[PDB]
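Please read the structure below before turning to the comments.
Backbone-built Cβ (ideal geometry, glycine too); neighbour counts: all protein chains shown. Read-outs: derived from the displayed coordinates by stated rules, not from any lab.
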Amino acid sequence: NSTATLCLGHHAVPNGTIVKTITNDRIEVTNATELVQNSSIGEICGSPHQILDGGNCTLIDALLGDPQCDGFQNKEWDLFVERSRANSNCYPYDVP
Amino acid sequence: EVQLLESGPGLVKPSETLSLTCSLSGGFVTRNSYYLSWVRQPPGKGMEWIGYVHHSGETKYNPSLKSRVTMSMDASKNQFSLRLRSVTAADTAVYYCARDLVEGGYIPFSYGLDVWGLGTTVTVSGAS
Amino acid sequence: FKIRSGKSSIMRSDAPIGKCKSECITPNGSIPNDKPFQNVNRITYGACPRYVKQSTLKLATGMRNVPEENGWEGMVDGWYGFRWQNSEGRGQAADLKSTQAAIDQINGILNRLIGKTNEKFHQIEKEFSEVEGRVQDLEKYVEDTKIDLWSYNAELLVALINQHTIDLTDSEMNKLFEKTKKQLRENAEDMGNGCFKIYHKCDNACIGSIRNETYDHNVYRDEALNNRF
Amino acid sequence: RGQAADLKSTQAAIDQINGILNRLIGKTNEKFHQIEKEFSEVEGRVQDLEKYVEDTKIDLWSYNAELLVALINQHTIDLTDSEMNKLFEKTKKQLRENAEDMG
Amino acid sequence: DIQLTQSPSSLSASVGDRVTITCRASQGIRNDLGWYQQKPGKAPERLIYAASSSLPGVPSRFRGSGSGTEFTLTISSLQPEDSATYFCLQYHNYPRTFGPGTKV
Ligand SMILES: *[C@@H]1O[C@H](CO)[C@@H](O[C@@H]2O[C@H](CO)[C@@H](O)[C@H](O)[C@H]2NC(C)=O)[C@H](O)[C@H]1NC(C)=O
Ligand SMILES: *[C@@H]1O[C@H](CO)[C@@H](O[C@@H]2O[C@H](CO)[C@@H](O)[C@H](O)[C@H]2NC(C)=O)[C@H](O)[C@H]1NC(C)=O
Ligand SMILES: *[C@@H]1O[C@H](CO)[C@@H](O)[C@H](O)[C@H]1NC(C)=O
Ligand SMILES: *[C@@H]1O[C@H](CO)[C@@H](O)[C@H](O)[C@H]1NC(C)=O
Ligand SMILES: *[C@@H]1O[C@H](CO)[C@@H](O)[C@H](O)[C@H]1NC(C)=O
């Protein structure tokens, strides 16, 4: 009872994440965050940007006046979404 | 973090063996500072320690449960199980699986029973 | 017709349109724009993250994990700390200043990477349904070059930042060790395992003084010199 | 008088350098069809657009190569010196009060 | 075995007063004492581990102090949410004896 002991240390966690550095290619750390997004909601959000949906109607068909494109007259947008079911139902045409 | 979940029969007929299992989520059972222990509380009385198991094949039980207790640990499944051999009406209790943290170094330091599990009720009777 | 100049473009998609709110639009659907990189599609509209070929890029926001020279799993109040043995028993505590410094540095690193996204509105086509020749080949070549360069940049940046983060997290511990050693001028001896042997009677008050940066070494010097030598 | 070598520190440094070399050497990407890079006649806008794209790519990759080599060399030198400092400090801590450090 | 005994039982107090619970050990231990709280029908939650060391998330009302064969848990203010059982744990030796709970 004439001497004390004082030790310094850090904290560990039960699970851990493996990351990469310049010198070490496998180093385990307590906590890490992903910097790559790999998921989508599956729907196109329409609040901030004005979005015009074209079904059965291509942009050129809407511009020319297709019979099915009569609802797109005098319309504005920030993103025109073309679908894979778009088709033409007027006189055949060929834009050079 | 580390969580523990209990699973086993809720009713055991007298003079039979009672088996329980505790599974660990968020950590590994094979760490040198984990002493997985089982505790029990009869209704209306104090809480009693049963025993602990460690991944080095070392077990230690309470002297009161002299010989009808055994503990096993499976690392490939992250589980540890308790078996009680001979059963009387005094074993009707709520059982908990807990994790003890005894860390080593130059200055060993224990932390007590850190992580607890939701207790399971075991009732001992002849009914069906 | 009327020809204007603005921030309008076109996109091919087969996804429904919702009532949500998001600033990045992708043919697979809208994606959050908090992270700097993405692996969904190369066709983007709005303030979108850069496209990279990689699927996982982890940035270290903590120190090295050394389970059972080793880490303390039971220290839940800080990152760096003390464990002491004396006549009144054994104890443990955490150092708030060093932990806060490391946390502040990591948060400052993070604030410069998350939320800083550029806006690109109208670009070239990146998916083709027919074969034409030279111009389509040039467009494909340009897009491939851009993608490869940005993937290389992302990998190098992650490696650099991880290296410097681990270096700073170790430097904080070295700083605390050296400060504690300097506080105990001649009354303590290093043991080489991160521990100090203090050659005089220490109560909880004395250890609190060491942790408190108010430790006067002159009072405990004669006894320490007598015991050490 | 005598002289000997230490194996642990040497092997640690060799392992780190070998890891860096494994990350660098042997990793290549496949490119099959690209744009033309040599021309025999003068045409105009598309040709010098192609030339501009190729020149930009070459310059960017040269810059990347130079910076990467400088970075890795700096860190390799730093780690090689850190190994010597680590051995010195460990030997110093082993001899607590029985040795003195001449400069 | 180091038997643990609790002095108060079924204690009733107001909302905003001071309460104390005392745990005494048959044999001498050294700072190895934890204070746990158990609400009816739920698992115990650790409050104090080193007998003078509160864990993160514990409200400031709880405090612990003691040594040797005498330990105390003091609450300066009693909110209506804190009405449960409290017990003490010893981990100096392996039998891991508890103490009978104190009801508030
Ligand atoms: C696009 O055209 C299709 C195909 O005509 C429309 O879907 C249905 O078409 C049938 C005839 O095949 C009509 O009897 C239905 O009334 C149409 N469904 C409706 C109007 O809901 C489709 O509606 C057209 N529009 C879009 C946006 O897909
Ligand atoms: C998202 O949609 C795209 C386009 O249809 C899908 O195709 C992948 O697109 C990415 C980004 O350009 C390319 O790197 C892949 O090679 C494409 N794969 C295929 C099979 O075409 C993509 O799969 C969709 N989903 C996700 C999660 O990205
Ligand atoms: C890991 O780091 C992230 C980013 O700073 C943080 O939000 C998260 O809470 C951390 N996880 C912990 C501390 O368990
Ligand atoms: C640890 O975390 C990883 C992801 O980093 C996860 O896949 C793994 O299941 C975790 N280990 C557990 C829960 O034992
Ligand atoms: C710790 O330092 C603070 C700030 O100077 C002081 O108020 C407190 O009394 C000190 N405690 C001890 C135990 O020396």
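What's the total number of residues in the range C:1-44 that are within 14 Å of ligand 2 (Cβ to nearest atom), crowded, with 16+ Cβ neighbours inside 10 Å and within 7 Å of chain A (Cβ to nearest Cβ)?
Total meeting the criteria: 13.
With respect to C:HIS164, is the statement that it is in a helix (DSSP H, G or I), on the phi < 0 side of the Ramachandran plot and facing another protein chain (nearest Cβ under 10 Å) true? Spell out how you get there, then give the answer.
Numbers: in a helix (DSSP H, G or I): yes; on the phi < 0 side of the Ramachandran plot: yes; facing another protein chain (nearest Cβ under 10 Å): yes.
Here the answer is yes, as C:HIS164 does meet what is asked.
So which residues in the range A:43-68 are farther than 22 Å from C:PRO27 by Cβ and within 16 Å of ligand 1 (Cβ to nearest atom), if there are any at all?
A:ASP66, A:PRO67, A:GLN68
Under 14 Å from the mean Cα position of the chain (by Cα), closer than 19 Å to E:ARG96 by Cα and assigned to a loop (DSSP other than H, G, I, E, B) - does that describe any residue in the range B:54-64?
For the range B:54-64, residues under 14 Å from the mean Cα position of the chain (by Cα), closer than 19 Å to E:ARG96 by Cα and assigned to a loop (DSSP other than H, G, I, E, B): present.
In the range A:56-80, which residue that is of a type outside the set (S, T, N, Q) and either in a loop (DSSP other than H, G, I, E, B) or touching a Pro at 6+ places or on another chain (Cβ under 8 Å) (or both) is farthest from ligand 2 (Cβ to nearest atom)?
Among them, the one singled out is A:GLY65.
Please enumerate the residues belonging to the range A:31-56 that are of a type in the set (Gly, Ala, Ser) and within 24 Å of C:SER55 (Cα to Cα).
A:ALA32, A:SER39, A:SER40, A:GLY42
May I ask you to list the residues in the range C:193-212 that are surrounded by 13 or more Cβ atoms within 10 Å (Cβ to Cβ), within 14 Å of chain D (Cβ to nearest Cβ) and more than 27 Å from the chain's Cα centre (by Cα)?
Across the range C:193-212, the qualifying residues are C:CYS195, C:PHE196, C:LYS197, C:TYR199.
Tally the residues that are outside any strand (DSSP E or B) and either among the polar types (S, T, N, Q) or more than 16 Å from ligand 3 (Cβ to nearest atom) (or both), restricting the search to the range A:7-55.
Summing the residues that are outside any strand (DSSP E or B) and either among the polar types (S, T, N, Q) or more than 16 Å from ligand 3 (Cβ to nearest atom) (or both) in the range A:7-55 gives 22.
When only residues in the range C:94-128 that are small (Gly, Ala, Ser) and not in a helix (DSSP H, G or I) count, which is farthest from ligand 5 (Cβ to nearest atom)?
Here the answer is C:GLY115.
Taking A:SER88, is it assigned to a loop (DSSP other than H, G, I, E, B), within 7 Å of chain C (Cβ to nearest Cβ) and among the small types (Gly, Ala, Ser)?
no
Going residue by residue through the range B:19-34, is there one that turns out to be more than 14 Å from chain A (Cβ to nearest Cβ), away from ligand 5 (no atom under 16 Å from the Cβ) and of a type in the set (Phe, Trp, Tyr)?
No.
For the condition over 25 Å from B:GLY27 (Cβ atoms) and in contact with a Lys or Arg (Cβ under 7 Å, 6 or more places away or on another chain), what is the one hit in A:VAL36, A:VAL29? Give the derivation first.
On the way: A:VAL29 fails: over 25 Å from B:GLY27 (Cβ atoms).
Only one candidate passes the filter, namely A:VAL36.
Given the conditions (1) within 7 Å of chain C (Cβ to nearest Cβ); (2) more than 16 Å from ligand 4 (Cβ to nearest atom), which single one is not true for A:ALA32?
With respect to (1) within 7 Å of chain C (Cβ to nearest Cβ); (2) more than 16 Å from ligand 4 (Cβ to nearest atom), A:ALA32 is out only on (2).
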